[PDB]
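Note sheet for the following structure.
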Amino acid sequence: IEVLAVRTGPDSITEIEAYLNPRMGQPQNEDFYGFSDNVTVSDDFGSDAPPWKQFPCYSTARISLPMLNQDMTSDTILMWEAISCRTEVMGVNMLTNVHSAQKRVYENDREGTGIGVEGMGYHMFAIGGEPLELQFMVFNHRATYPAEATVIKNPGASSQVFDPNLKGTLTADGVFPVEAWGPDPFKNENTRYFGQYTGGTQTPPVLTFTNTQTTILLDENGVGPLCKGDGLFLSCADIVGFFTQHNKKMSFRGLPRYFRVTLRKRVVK
Amino acid sequence: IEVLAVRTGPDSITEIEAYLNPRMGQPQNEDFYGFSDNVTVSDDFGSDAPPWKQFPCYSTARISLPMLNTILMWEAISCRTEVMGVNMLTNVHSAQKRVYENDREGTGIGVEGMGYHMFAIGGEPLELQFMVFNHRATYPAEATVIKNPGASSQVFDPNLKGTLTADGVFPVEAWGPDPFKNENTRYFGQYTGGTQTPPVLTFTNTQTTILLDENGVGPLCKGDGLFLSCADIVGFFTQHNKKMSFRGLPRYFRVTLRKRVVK
Amino acid sequence: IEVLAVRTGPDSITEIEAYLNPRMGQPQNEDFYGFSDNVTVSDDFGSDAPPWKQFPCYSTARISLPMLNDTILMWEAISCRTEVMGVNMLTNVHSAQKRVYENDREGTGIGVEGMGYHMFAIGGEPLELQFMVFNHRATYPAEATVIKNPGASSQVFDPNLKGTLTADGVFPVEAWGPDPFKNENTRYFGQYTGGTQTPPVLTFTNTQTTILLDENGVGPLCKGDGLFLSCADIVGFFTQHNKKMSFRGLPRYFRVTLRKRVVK
Amino acid sequence: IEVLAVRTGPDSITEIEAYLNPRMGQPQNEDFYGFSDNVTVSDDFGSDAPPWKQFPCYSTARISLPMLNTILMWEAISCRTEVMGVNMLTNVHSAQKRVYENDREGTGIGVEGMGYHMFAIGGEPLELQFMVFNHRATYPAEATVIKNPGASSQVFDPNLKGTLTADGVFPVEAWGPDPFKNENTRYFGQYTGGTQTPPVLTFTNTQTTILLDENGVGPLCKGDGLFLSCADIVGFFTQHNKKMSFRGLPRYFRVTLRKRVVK
Amino acid sequence: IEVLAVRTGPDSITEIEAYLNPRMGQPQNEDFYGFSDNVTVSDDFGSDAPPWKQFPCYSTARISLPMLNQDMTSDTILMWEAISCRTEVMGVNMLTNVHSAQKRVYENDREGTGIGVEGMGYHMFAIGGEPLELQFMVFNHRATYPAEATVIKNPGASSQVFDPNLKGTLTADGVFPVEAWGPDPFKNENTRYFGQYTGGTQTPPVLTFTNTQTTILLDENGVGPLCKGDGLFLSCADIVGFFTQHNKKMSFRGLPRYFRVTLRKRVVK
Ligand SMILES: CC(=O)N[C@H]1[C@@H](O[C@H]2[C@@H](O)[C@@H](CO)O[C@@H](O[C@H]3[C@@H](O)[C@@H](CO)O[C@H](O[C@@H]4[C@H](O)[C@@H](O)[C@H](O)O[C@@H]4CO)[C@@H]3O)[C@@H]2NC(C)=O)O[C@H](CO)[C@H](O)[C@@H]1O
Ligand SMILES: CC(=O)N[C@H]1[C@@H](O[C@H]2[C@@H](O)[C@@H](CO)O[C@@H](O[C@H]3[C@@H](O)[C@@H](CO)O[C@H](O[C@@H]4[C@H](O)[C@@H](O)[C@H](O)O[C@@H]4CO)[C@@H]3O)[C@@H]2NC(C)=O)O[C@H](CO)[C@H](O)[C@@H]1O
Ligand SMILES: CC(=O)N[C@H]1[C@@H](O[C@H]2[C@@H](O)[C@@H](CO)O[C@@H](O[C@H]3[C@@H](O)[C@@H](CO)O[C@H](O[C@@H]4[C@H](O)[C@@H](O)[C@H](O)O[C@@H]4CO)[C@@H]3O)[C@@H]2NC(C)=O)O[C@H](CO)[C@H](O)[C@@H]1O
Ligand SMILES: CC(=O)N[C@H]1[C@@H](O[C@H]2[C@@H](O)[C@@H](CO)O[C@@H](O[C@H]3[C@@H](O)[C@@H](CO)O[C@H](O[C@@H]4[C@H](O)[C@@H](O)[C@H](O)O[C@@H]4CO)[C@@H]3O)[C@@H]2NC(C)=O)O[C@H](CO)[C@H](O)[C@@H]1O
Ligand SMILES: CC(=O)N[C@H]1[C@@H](O[C@H]2[C@@H](O)[C@@H](CO)O[C@@H](O[C@H]3[C@@H](O)[C@@H](CO)O[C@H](O[C@@H]4[C@H](O)[C@@H](O)[C@H](O)O[C@@H]4CO)[C@@H]3O)[C@@H]2NC(C)=O)O[C@H](CO)[C@H](O)[C@@H]1O
Ligand SMILES: CC(=O)N[C@@H]1[C@@H](O)[C@H](O[C@@H]2O[C@H](CO[C@]3(C(=O)O)C[C@H](O)[C@@H](NC(C)=O)[C@H]([C@H](O)[C@H](O)CO)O3)[C@H](O)[C@H](O)[C@H]2O)[C@@H](CO)O[C@H]1O
Ligand SMILES: CC(=O)N[C@@H]1[C@@H](O)[C@H](O[C@@H]2O[C@H](CO[C@]3(C(=O)O)C[C@H](O)[C@@H](NC(C)=O)[C@H]([C@H](O)[C@H](O)CO)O3)[C@H](O)[C@H](O)[C@H]2O)[C@@H](CO)O[C@H]1O
Ligand SMILES: CC(=O)N[C@H]1[C@H]([C@H](O)[C@H](O)CO)O[C@@](O)(C(=O)O)C[C@@H]1O
C-alpha cells in the first residue's frame, strides 16, 4: 500500500470497544469456563500428547468498522488507521478469592487461606489491519497435539527453535495453542504486538488496571495498522497462572481483555 | 455533557480531603476492625459459601462540594492519595505465627501475601463489571452480588453490570471497575498475588496524579457530588494456629476541583 | 505565613549536614547499639505487651539555623540529599549468625533479612503524626510515647488520634506514621518491604538531590529558625544460632540547602 | 576510518532481518535441539571437565550487505531485536518434574533458573575477554577456549583476548564482551542467576535501539559485513528423574544501515 | 580549589581505561583468585574473629594521567576534570557455569545442575580526584579483625552506628574490609560514589553489561572531580554472591570492574 495524507474532517476519528474472553481449554458456558482442565504430564518427549482442554489457545476476533464514506471519483481510497489503544486485563478483582476449593497454605493442618492463583503469567495482545502472522515453535517437536487444535503436524526437530518454513496466521479463536505459536517478527508489518512472560509455578501474579493509560500504535513513519477489508484484528492470551485443588490437580486460569482502539481515516493509493 | 470553558474567578478552585477506612469484613469499632475473620476454604466449587466477614468489600463515599447554581460544575483536575498506617506493618510481636514456630522462637512472620490496591475518583458512582473466580459461590445476604450469575460470570458477560452505590457490601472478589463505562471516573489498580509475598508500600505527601483526560477534561461532579472508591488489601495476618485473615489500611484522598461551564 | 519573595543576597543561602542514629531499642554506647533486643511474640491481641528495647522508634532532631531577624525572614529548605550510611556492614556473614546449613554447622551466616522500613521527613516544624496500630489492645511500655486506650478505631483511621514527633527514640514506628491531613510545612517519603526472609535492597550515592519545593514553589519554612529532621531505617532482622531475632537499623545522613524567604 | 558526511540518495538506506538459533549444546535437527545435554557437576575444581553438549556457546553470523565500492561503508544506525518462541514456555506437560512429584500430580515446573540474554551488532567480530569461574576447568576439544589460562583467568587478565569468529563453539561461561575494545560494536547483556528463578521475557515489534555513539557514528561495516552475536539462556528444563538441561531460544534482528563516507 | 573556566583546544579532552580486580580474600594468581576462603561463623559477638582471607576488601588504584602541558607563565594551574565515565562489571558470562564443584539442586538424589553463585550482591564504585573518604561502621564492634586488615582497633559500641570520630581514607588496595568501611557522605566533595546492596544467601544475582551507558560526574555547579597531583582515584567492591561446595562450605565470589573515564582540562586558581 502507498500511504498518503491523514484524512481530516468531521467523522474522521472513530473508536471501537471490544472484549476477548480467554480460551484456557474448558468449554464456554460450563462450570469451568475461564480454566483449563487439569494438566497431565508425559514421562518422555517421545510419548507426549497434551489432551484437548488441558492447554490454552489464543483469543482472536475481527471487528467490522464503520462505513468510510469513500470519495467515489478519487484515484485513492480511505482506510481506517489504528493510531492508539487502551487495553486492560478485566476481572483482576476475582484473584482476591482465596476460599474457592483451593489447596490451603497449611494443607497438612487443614488451615489458612487458599494459595489462590500462582505460577506463570503470559500476557500478550496484538492489534492489526490483518490476521496476526505466527511462527510455529514448540518446547518438544514430538508432542502429538489433538485434532481439535491447529498445529503443523510432524513439525521436525527444527521447530524447537526458529525454522523459516513453519509459518501460520491466527485465523480462528480458541484453537491455536499458545505453546505452539508466537508472533512472527519477520512479518506483522501491519500489526503491533506486545507480550510479557513471567515463569514459575509458585510466582505471584502481578497485574495493573487503569482507564488512564494509552498505547500509541504509529510506527517510526507515523503510520498505524491499516485496516484491510475495513476489519480491525484483535488477538490476545492472558494466562494469569494456575489454580491448585486440594488433591493438587492444577489448571490454567485466564482473564478476559478489554480493547479500546482509536482509528483515523488515512488516504492510500 | 457538552463541556465549555473553565470558569476562573475568586473561589473558582476548591480542595477536599477525605479518608476511606477499609472494609475487610470484621465489624466497625470492634477488636478486629481492619481485618477479615479467619478464612475458611470450600472442598468443591459446587459447595462454596464464603461466610460474611471472611472477605473484603470496596469502600466508597460521596463528598458534598459547595453548591454552584449553561451551568457550572465542579471538575476534578488532580489528586493526591496515600495508603495511611504503613507504619503498623513493622509490628512482628502481635499474636503472629513465628519464623521458627517449632522452636517457639523468632519474630512474627508479620503481614504477607496478596496486595490489592485500587482507588477511583469520579463525578458519579464507580461503574462495575461483575466477575467471579467461581460462579457457583453462594455469597451471603449482607453482600451485594448478582445472584445465580451463571458460568459466563467467570469471564466477561456484558449483561452483568452494577454501580458502587454502598460502602462495605460489594465483594472485591465479585466486582471490578467496568472499562466499557467510567467515562466520568479515573480508576487505578494493582494486584500482587501469593500468600507469602512480601508487601511493598510507599507513602509521600509530594506526589500528584492529574485527573484530566486527552481533551483536558477532569471528572465532572453530577449533583455537586465527588465519588471516592478504594480497596487496600495489604496481605494476610497468620495466627500461631495458622488461621489467616485479610488486613487492610485506610486511604487518604486530596482532590483539587475547578469551576467548569457545561451546556 | 503569607509567603512573599525570596530574599537574594550574599548570605541568602545556607547548607546544613546532620546524622540521625537509629533507635532500634538497645541502649546507646552499649554492645547492641543499632539493634533491638530479641523479639518476643504474644499469644493473642488481649495479652500483647511489647517490652521496651524490643521495637524500633523514630529518630528526630531540631537543627538550629543561623538566627535571622511588617515582614520577617525565614529559612526555606529548597533541596536535600539523604543517604543511609553503613550499608557496607551488611556484607558481614560471620558475626554470631544462624548459618545457611545450621544442621551441618556449615555455610555463611544468613545475614540481615526481612522487613525494610525506610522513611525520612524534612520540615519547618515537628512532623505531624497519625496514631495507627496493628492491634489496639497492645500495652506499650512506660518508656514509649503512645495514645493509651486508643480504641478499636486506632487499627484504621480515627481523626481524633493525632500527635507530633517531639522526642527522639520514644515514638514507636509500629504506632505512628505521617499525618497526610497535616504536614503542609513538611515533606515526608517512605517505603516498606515486608517479610522476614526478604533480601534487603539499599542504594547509596552522593549524587541524588530531592527538591523540597511544593506546587507553588515554596519549601518548608523553618519556624523559630529550627530545621526538623526525622527518619526510621529498619534494614531487617539479625538471627542468632538459637533463632532469636532482633531489628537491625542504620543511621541516615542529611544535607539540606536553605534560602532566605520574606513572609508577611 | 576517519568518518565524513552521511551519503544520501534513493538507495542510501538498507534494512536486513536475520535470526540466530541458540547453541545450548545438543546437535541441530535432532530431538533435543534448543537444549543442552543433562548437566553433570564435578566434585572439585582440580577434576572439572564439562562434557561437550552440556554447556551453551555463543551464536554468531556475518550478514553480507550490498557491495558498495574516500570509500563508502554501511553504518548500522538502529536495530530491533526480539527473543522468539517465548510462547513455548507455557508448556507444562512435556516430560517435566511435576509441582507435586511425590503425588504424581500438578503441572510440570516448566523452565526456571538462570536467564542469560545478550546480543551484539558490529562492523567486525565481537571482541572477547576470556574469564572463567574455575581456571582449572578442562573444556572439550569441540570448544574454542584459551588452554591452561592461569589463575588470573578467574578475574581480569589483559593477555586473555579472543574474537567471536565461529558459531556454536565459544562457551558462554568462558568468554564475555571485552569493554577495552568493541569501539565498532554495540553490546547489551542481562544475567539473572539461580536455578528456581522464574524467567521474565518480553517481546514486541515496537522497540528500536539506537546504535549511534556519542559522536553520532554507528557500527561501520568492514568488508561490507554486518556481525550479529547473541546468547539467550532462558533457564533449566528438569526431568522427572531431576536431570537438568539448559533451554535456549532463537533471536530476531532487524538492522537499519545508511551509506557513510570515510577517508 | 578556586574553580575557573574549562580550557578548550586540541588535547583538552582525554579518555583513560582501567580495571580493578576484586579482593575477595584468597591470594592473587593462586587457584581461588576471585573467591574468599570458606566463611567460618562465631557463636557470640564477644568471641568473633573473622580470619584473614574469609572477607572481601575494597579495590583501589591511582591512575597516573597524561601530561597537561601547563602554561608555564600563567598565574593559574590546569587540572584534569573527570566529566563522565562508563563502568562495567566484567566476567558476568562466567556465572552461567553450574558444573564446577557446586552443591547440586537435588543434592540428596546427586542430580541436577549446581546451584551456581547466589546470595548477596554488593556493587559500589567511586571516581575521585583524591582517595575515597571512609566512615568506619561495623555490624559488631567487638569483632577482632586480622593483622593483615586495615581497621580502627577497639572502635567502641558507637562504631555499630554513626560516630563522627571514626574516619579513614582508602589509601591501599585489598586491605580495607568492605564490612568495616563505607563512603563518608560528610566528605567526598571531590569524588562521586554509587552503591547498591541486595542481601540474602539464596538471592538470584542480577547483573547487566553494555558498552552504551554513560554516567555524568559533574556536580550541581557543572564541576567534575579535579585530579589532585594529576592522579585519578578509582575504587570499587563487586561481591556477586556465594559459591557453595558439596560439603556446604561457602565463599564470596567477586568480579573485576572496567572503568572508562573522560577528563577535560579545567583552569583552577
Ligand atoms: C526429555 C526426555 O524425553 N527425557 C527422557 C529421556 O532422558 C534422556 C535424555 O534427556 C537424554 C538427552 O541426551 O539424556 C539422557 O541422560 C543421559 C545422557 O545425558 C548421557 C550423556 O549424553 O549421560 C547419562 O547417560 C550415561 C551414558 O552417557 C549413557 O550412554 C548410558 O546409556 O547411561 C549412562 C547413565 O549414567 C544420562 O543419563 C536421558 N536419560 C535419562 C535416564 O534421564 O529418556 C529417559 C528414559 O531413559 C526418560 O524417559 C526421560 O524422560
Ligand atoms: C474446582 C472443583 O470444584 N474441583 C472439584 C472436582 O474436581 C474435578 C474438576 O477439577 C474437573 C474439571 O474438569 O476435573 C476433574 O479431574 C478429572 C478430569 O480432569 C478428567 C478429564 O476431563 O481427567 C481425570 O479424570 C479421569 C477420567 O476422565 C474420569 O472420568 C475418571 O473418573 O477418573 C480419571 C482419573 O484418571 C481427572 O481426575 C476433577 N476431579 C478430581 C477428582 O479432581 O471434583 C473433585 C471430586 O471429584 C473435588 O471435589 C474437586 O475439588
Ligand atoms: C488475633 C488473636 O488474638 N487471635 C486469638 C483468637 O483467635 C480467634 C479470633 O481470630 C477470632 C476473630 O474473629 O476468630 C476465631 O476463630 C473462629 C472464628 O473465625 C469463627 C467464625 O467467626 O469460626 C471458627 O470458630 C468456630 C465457632 O465459631 C467457634 O465457636 C468454635 O468454638 O470453633 C469453631 C471452629 O470451626 C474460628 O475458629 C479465633 N479463634 C481461634 C481458635 O483461632 O482467640 C484464640 C483462642 O480462641 C487465640 O488466642 C488467637 O491467638
Ligand atoms: C572448590 C573446590 O575445589 N573445593 C574442594 C576443596 O575444598 C577446599 C577449598 O575450598 C579450600 C579453599 O581455601 O578450603 C578448604 O577448606 C578449608 C579452608 O577454608 C581452611 C582455611 O584456609 O580451613 C579449613 O581447614 C582447616 C585446616 O586449615 C585444614 O588444614 C584441616 O585439614 O581442616 C581444618 C578444618 O577446619 C577448611 O576446611 C576446602 N576443603 C574442604 C574440606 O572443603 O577440597 C575439598 C576436599 O578436601 C573438596 O574437594 C572441595 O570440593
Ligand atoms: C549477638 C550475640 O552475641 N548473641 C549471644 C548472646 O545472646 C544474648 C543477647 O542477644 C542479648 C541481647 O540483649 O539477649 C539475650 O537474650 C535474652 C534477652 O533478650 C532477655 C531480655 O533482655 O530476654 C531473654 O532472656 C530471659 C531473661 O530476660 C534473662 O534475664 C534470662 O537470663 O534468660 C531469660 C531466658 O528466656 C533472652 O533470652 C541473648 N541470650 C540468648 C540465650 O540468646 O548470648 C548468648 C548466650 O547467652 C549467645 O552466645 C548469643 O550468640
Ligand atoms: C501419550 C501416550 O500415548 N502416553 C502413553 C500413556 O497414556 C500410557 O499410560 C496410560 O495412561 C493412561 C492415561 O493417559 C493419558 C491421560 O489421558 O491421562 C494420555 C495423555 O496423553 C497423557 N498426557 C500427556 C501430556 O502426554 C497422560 C499422562 O501421561 C499421565 O496422565 C500422567 O499425568 O496420560 C491411563 O492412566 C493408563 O492407566 C496408563 O496405562 C502408557 C502405557 O505404557 O504409554 C504411554 O506412552
Ligand atoms: C574468635 C575466638 O576466640 N574463638 C574461639 C574459638 O576459636 C574456640 O573454639 C576453637 O575453634 C577452633 C577454630 O577456630 C576458628 C577457625 O575455624 O579458624 C577461629 C575463627 O576465629 C572463628 N571464626 C570467627 C568468625 O570468629 C572460627 C569459627 O568460630 C568456627 O570455625 C565455626 O565456623 O573458629 C577449633 O575448632 C577448635 O576445635 C575450637 O575449640 C572456642 C573454645 O571454646 O572459643 C572461642 O571463643
Ligand atoms: C468457603 C466455605 O464454603 N466455607 C464454609 C466452611 C468451610 O467449608 C470449612 O470450614 C473449611 O475451612 O465451613 C463452615 O462450617 C464454617 O467454618 O462455619 C461454613 C462455611 O460456609
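Here's how to read the names in the C-alpha cells: chain A, B, ... by the order shown, residue numbers from 1 in each chain, ligand numbers from 1 in the order shown.
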
Problem - Backbone DSSP call of helix (DSSP H, G or I) for range 5-135 of chain D, listed as a PyMOL selection string - result: chain D and resi 45-47+86-90+101-103

Grab the residues selected above and save them as an mmCIF file, in the first residue's frame with N, CA, C and O atoms.
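File part_24.cif, as written:
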data_model
loop_
_atom_site.group_PDB
_atom_site.id
_atom_site.type_symbol
_atom_site.label_atom_id
_atom_site.label_comp_id
_atom_site.auth_asym_id
_atom_site.auth_seq_id
_atom_site.Cartn_x
_atom_site.Cartn_y
_atom_site.Cartn_z
ATOM 1 N N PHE D 45 37.435 -28.371 41.784
ATOM 2 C CA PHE D 45 37.960 -27.536 40.672
ATOM 3 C C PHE D 45 39.095 -28.284 39.933
ATOM 4 O O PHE D 45 39.348 -27.970 38.769
ATOM 5 N N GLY D 46 39.831 -29.153 40.614
ATOM 6 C CA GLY D 46 41.001 -29.850 40.029
ATOM 7 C C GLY D 46 40.596 -31.001 39.112
ATOM 8 O O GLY D 46 41.447 -31.434 38.314
ATOM 9 N N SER D 47 39.357 -31.485 39.212
ATOM 10 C CA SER D 47 38.783 -32.579 38.387
ATOM 11 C C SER D 47 37.458 -32.143 37.784
ATOM 12 O O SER D 47 36.420 -32.795 38.030
ATOM 13 N N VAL D 86 8.978 -17.325 22.834
ATOM 14 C CA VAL D 86 8.662 -17.166 24.282
ATOM 15 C C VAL D 86 7.396 -17.972 24.580
ATOM 16 O O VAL D 86 7.256 -18.498 25.691
ATOM 17 N N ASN D 87 6.470 -17.991 23.627
ATOM 18 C CA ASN D 87 5.180 -18.725 23.686
ATOM 19 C C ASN D 87 5.394 -20.185 24.158
ATOM 20 O O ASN D 87 4.510 -20.722 24.789
ATOM 21 N N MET D 88 6.510 -20.815 23.819
ATOM 22 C CA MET D 88 6.708 -22.273 24.038
ATOM 23 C C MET D 88 6.812 -22.541 25.541
ATOM 24 O O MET D 88 6.550 -23.687 25.943
ATOM 25 N N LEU D 89 7.046 -21.508 26.368
ATOM 26 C CA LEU D 89 7.292 -21.689 27.823
ATOM 27 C C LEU D 89 5.980 -21.828 28.597
ATOM 28 O O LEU D 89 6.040 -22.092 29.802
ATOM 29 N N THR D 90 4.833 -21.735 27.922
ATOM 30 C CA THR D 90 3.528 -22.050 28.526
ATOM 31 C C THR D 90 3.326 -23.561 28.530
ATOM 32 O O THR D 90 2.246 -23.967 28.967
ATOM 33 N N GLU D 101 5.569 -33.844 42.721
ATOM 34 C CA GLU D 101 6.138 -35.041 42.035
ATOM 35 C C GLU D 101 5.875 -36.271 42.929
ATOM 36 O O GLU D 101 5.572 -37.365 42.378
ATOM 37 N N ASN D 102 5.855 -36.100 44.252
ATOM 38 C CA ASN D 102 5.619 -37.230 45.192
ATOM 39 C C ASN D 102 4.183 -37.740 45.038
ATOM 40 O O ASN D 102 3.965 -38.955 45.212
ATOM 41 N N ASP D 103 3.243 -36.865 44.673
ATOM 42 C CA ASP D 103 1.816 -37.236 44.490
ATOM 43 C C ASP D 103 1.550 -37.588 43.023
ATOM 44 O O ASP D 103 0.382 -37.949 42.722
#

Problem - Residues within 8 Å of range 5-18 of chain D, only C-alpha atoms, excluding chain neighbours under 4 positions, as a ChimeraX atom specification - result: /A:186 /D:63,252-262

For those residues, write N, CA and C atoms to a file as a PDB file, in the first residue's frame.
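What ended up in part-v6.pdb:
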ATOM      1  N   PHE A 186       9.404 -11.544  11.546  1.00  0.00           N
ATOM      2  CA  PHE A 186       9.774 -11.379  10.120  1.00  0.00           C
ATOM      3  C   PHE A 186       8.588 -10.819   9.325  1.00  0.00           C
TER       4      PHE A 186
ATOM      5  N   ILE D  63      26.485 -11.181   8.203  1.00  0.00           N
ATOM      6  CA  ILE D  63      25.455 -10.899   7.160  1.00  0.00           C
ATOM      7  C   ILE D  63      26.148 -10.155   6.016  1.00  0.00           C
ATOM      8  N   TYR D 252      15.737 -12.762  16.894  1.00  0.00           N
ATOM      9  CA  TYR D 252      15.426 -11.987  15.677  1.00  0.00           C
ATOM     10  C   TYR D 252      16.197 -10.680  15.746  1.00  0.00           C
ATOM     11  N   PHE D 253      16.780 -10.294  14.623  1.00  0.00           N
ATOM     12  CA  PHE D 253      17.443  -8.986  14.440  1.00  0.00           C
ATOM     13  C   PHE D 253      16.901  -8.303  13.193  1.00  0.00           C
ATOM     14  N   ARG D 254      16.552  -7.027  13.338  1.00  0.00           N
ATOM     15  CA  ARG D 254      16.340  -6.084  12.200  1.00  0.00           C
ATOM     16  C   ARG D 254      17.287  -4.906  12.376  1.00  0.00           C
ATOM     17  N   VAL D 255      18.158  -4.692  11.410  1.00  0.00           N
ATOM     18  CA  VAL D 255      19.185  -3.628  11.465  1.00  0.00           C
ATOM     19  C   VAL D 255      18.936  -2.705  10.266  1.00  0.00           C
ATOM     20  N   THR D 256      18.803  -1.415  10.541  1.00  0.00           N
ATOM     21  CA  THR D 256      18.788  -0.346   9.514  1.00  0.00           C
ATOM     22  C   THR D 256      20.209   0.194   9.355  1.00  0.00           C
ATOM     23  N   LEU D 257      20.684   0.307   8.116  1.00  0.00           N
ATOM     24  CA  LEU D 257      22.014   0.869   7.815  1.00  0.00           C
ATOM     25  C   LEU D 257      21.869   2.002   6.793  1.00  0.00           C
ATOM     26  N   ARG D 258      22.873   2.869   6.767  1.00  0.00           N
ATOM     27  CA  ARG D 258      22.947   4.022   5.843  1.00  0.00           C
ATOM     28  C   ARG D 258      24.370   4.071   5.317  1.00  0.00           C
ATOM     29  N   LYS D 259      24.540   4.644   4.126  1.00  0.00           N
ATOM     30  CA  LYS D 259      25.861   4.799   3.485  1.00  0.00           C
ATOM     31  C   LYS D 259      26.594   5.941   4.180  1.00  0.00           C
ATOM     32  N   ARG D 260      27.877   5.742   4.464  1.00  0.00           N
ATOM     33  CA  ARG D 260      28.707   6.717   5.198  1.00  0.00           C
ATOM     34  C   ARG D 260      30.036   6.830   4.459  1.00  0.00           C
ATOM     35  N   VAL D 261      30.451   8.066   4.201  1.00  0.00           N
ATOM     36  CA  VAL D 261      31.757   8.409   3.577  1.00  0.00           C
ATOM     37  C   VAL D 261      32.845   8.352   4.648  1.00  0.00           C
ATOM     38  N   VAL D 262      33.952   7.670   4.350  1.00  0.00           N
ATOM     39  CA  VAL D 262      35.171   7.616   5.207  1.00  0.00           C
ATOM     40  C   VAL D 262      36.413   7.852   4.340  1.00  0.00           C
TER      41      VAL D 262
END

Handout entry: Shell around residue 150 in chain B at 9 Å using only C-alpha atoms, local window under 4 positions removed, as a PyMOL selection string
Key = (chain A and resi 29-31) or (chain B and resi 135-136+154)

Practice task
Could the residues that lie within 10 Å of ligand 7, counting only C-alpha atoms and all ligand atoms, be listed as a PyMOL selection string?
Solution key: (chain C and resi 92-97+99+105-109) or (chain E and resi 38-52+54-55+143-146+249)

Handout entry: Protein and nucleic acid residues within 6 Å of ligand 2 (only C-alpha atoms and all ligand atoms) as a list in words
Key =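 Residues satisfying the distance criterion: residues 37, 38, 101 and 245 of chain A; 43, 44 and 45 of chain B.
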
Handout entry: Distance-based interface of chain E with chain C, 6 Å, counting only C-alpha atoms, as a list in words
Key =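 Close to chain C, chain E has residues 39, 41, 42, 43, 44, 45, 137, 138, 139, 157, 158, 161, 178, 179, 182, 193, 194, 195, 196, 197, 198, 199, 200, 201, 248, 249 and 250 of chain E.
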
Near-ligand residues for ligand 1, threshold 12 Å, only C-alpha atoms and all ligand atoms, as a short mmCIF file (atom, residue, chain, number, x, y, z; two decimals) with C-alpha atoms, in the first residue's frame:
data_model
loop_
_atom_site.label_atom_id
_atom_site.label_comp_id
_atom_site.auth_asym_id
_atom_site.auth_seq_id
_atom_site.Cartn_x
_atom_site.Cartn_y
_atom_site.Cartn_z
CA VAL A 41 2.30 -34.61 32.26
CA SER A 42 4.09 -37.04 29.93
CA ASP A 43 7.06 -39.24 31.06
CA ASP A 44 9.14 -38.73 27.84
CA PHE A 45 9.16 -36.36 24.80
CA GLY A 46 8.56 -39.48 22.61
CA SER A 47 5.23 -40.26 24.43
CA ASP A 48 3.86 -36.68 24.94
CA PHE A 139 9.12 -26.89 23.52
CA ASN A 140 9.05 -30.54 22.23
CA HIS A 141 8.60 -31.26 18.46
CA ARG A 142 7.47 -34.91 19.17
CA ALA A 143 4.36 -33.62 21.10
CA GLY D 25 24.82 -27.93 23.26
CA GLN D 26 22.59 -30.64 21.70
CA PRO D 27 23.07 -31.13 17.92
CA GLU D 30 17.97 -33.75 16.37
CA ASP D 31 15.33 -34.35 19.08
CA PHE D 32 16.94 -32.12 21.82
CA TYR D 33 17.70 -29.12 19.51
CA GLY D 34 17.44 -25.99 21.73
CA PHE D 35 18.62 -27.83 24.88
CA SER D 36 21.95 -28.74 26.42
CA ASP D 37 22.52 -32.36 27.37
CA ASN D 38 21.83 -33.22 31.06
CA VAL D 39 24.33 -31.31 33.26
CA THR D 40 26.89 -33.29 35.37
CA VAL D 41 28.74 -31.48 38.20
CA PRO D 50 32.30 -30.05 31.48
CA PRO D 51 31.40 -32.54 28.71
CA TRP D 52 30.61 -31.21 25.19
CA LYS D 53 26.81 -30.67 24.73
CA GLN D 54 26.35 -29.89 28.49
CA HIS D 93 3.17 -31.11 30.09
CA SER D 94 6.38 -32.28 28.26
CA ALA D 95 8.34 -34.82 30.42
CA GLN D 96 8.83 -32.27 33.29
CA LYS D 97 9.30 -32.88 37.06
CA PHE D 236 16.69 -25.12 33.03
CA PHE D 237 14.41 -27.96 31.94
CA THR D 238 14.09 -30.51 34.82
CA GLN D 239 13.16 -34.18 34.07
CA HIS D 240 11.09 -36.48 36.38
CA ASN D 241 14.42 -38.07 37.50
CA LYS D 242 15.72 -34.48 38.30
CA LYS D 243 18.23 -34.30 35.39
CA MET D 244 18.50 -30.64 34.36
CA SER D 245 19.46 -29.10 30.97
CA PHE D 246 19.78 -25.52 29.64
CA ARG D 247 16.92 -24.39 27.30
CA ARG E 110 23.06 -36.48 43.50
CA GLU E 111 21.27 -34.87 40.46
CA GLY E 112 20.61 -31.50 38.76
#

Problem - Nearest candidate to ligand 4 (options D:133, D:175, D:188, D:156; using only C-alpha atoms and all ligand atoms) - result: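 Under the stated criterion, the closest residue is D:133.
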
Practice task
From a DSSP pass on the backbone, collect the residues of range 22-254 of chain C flagged as strand (DSSP E) and hand them back as a ChimeraX atom specification.
Solution key: /C:59-64,72-84,99-101,106-109,116-123,128-131,162-164,176-178,186-193,201-205,210-211,226-239,245-249,252-254

Exercise for the section: Mind checking which residues fall within 9 Å of residue 232 in chain E, counting only C-alpha atoms, ignoring those fewer than 3 positions away in the same chain, and posting them as an MDAnalysis selection string? Expected result: chainID E and resid 61:65 80 82 127:131 225:229

Sorted by chain and rising residue number, which residues of chain A lie within 8 Å of chain B, and what are their closest atom pairs and distances in Å to one decimal, counting only C-alpha atoms, as a tab-separated table?
residue	atom	partner	partner_atom	distance
A:17	CA	B:180	CA	7.0
A:19	CA	B:156	CA	7.6
A:21	CA	B:155	CA	6.3
A:22	CA	B:155	CA	7.5
A:28	CA	B:152	CA	7.3
A:29	CA	B:151	CA	5.0
A:30	CA	B:151	CA	5.6
A:31	CA	B:151	CA	5.5
A:32	CA	B:151	CA	7.5
A:33	CA	B:154	CA	6.3
A:34	CA	B:155	CA	6.0
A:88	CA	B:179	CA	7.6
A:90	CA	B:176	CA	7.5
A:91	CA	B:131	CA	5.7
A:92	CA	B:191	CA	7.1
A:93	CA	B:173	CA	5.1
A:94	CA	B:173	CA	4.2
A:95	CA	B:173	CA	6.6
A:96	CA	B:173	CA	5.3
A:97	CA	B:173	CA	5.4
A:98	CA	B:41	CA	7.2
A:99	CA	B:41	CA	4.2
A:100	CA	B:42	CA	5.6
A:101	CA	B:43	CA	4.6
A:102	CA	B:41	CA	6.8
A:104	CA	B:41	CA	7.5
A:105	CA	B:195	CA	7.2
A:106	CA	B:242	CA	7.0
A:109	CA	B:242	CA	8.0
A:111	CA	B:243	CA	5.9
A:112	CA	B:243	CA	4.9
A:113	CA	B:39	CA	5.5
A:114	CA	B:41	CA	6.4
A:115	CA	B:195	CA	6.0
A:116	CA	B:194	CA	6.7
A:117	CA	B:193	CA	7.3
A:118	CA	B:194	CA	6.4
A:202	CA	B:194	CA	7.8
A:203	CA	B:194	CA	7.4
A:204	CA	B:193	CA	4.6
A:205	CA	B:193	CA	5.1
A:206	CA	B:192	CA	4.6
A:207	CA	B:191	CA	5.2
A:208	CA	B:190	CA	4.3
A:209	CA	B:189	CA	5.0
A:210	CA	B:188	CA	4.4
A:211	CA	B:187	CA	6.1
A:212	CA	B:186	CA	6.7
A:246	CA	B:43	CA	7.2
A:255	CA	B:155	CA	6.3
A:256	CA	B:155	CA	6.0
A:258	CA	B:179	CA	7.1
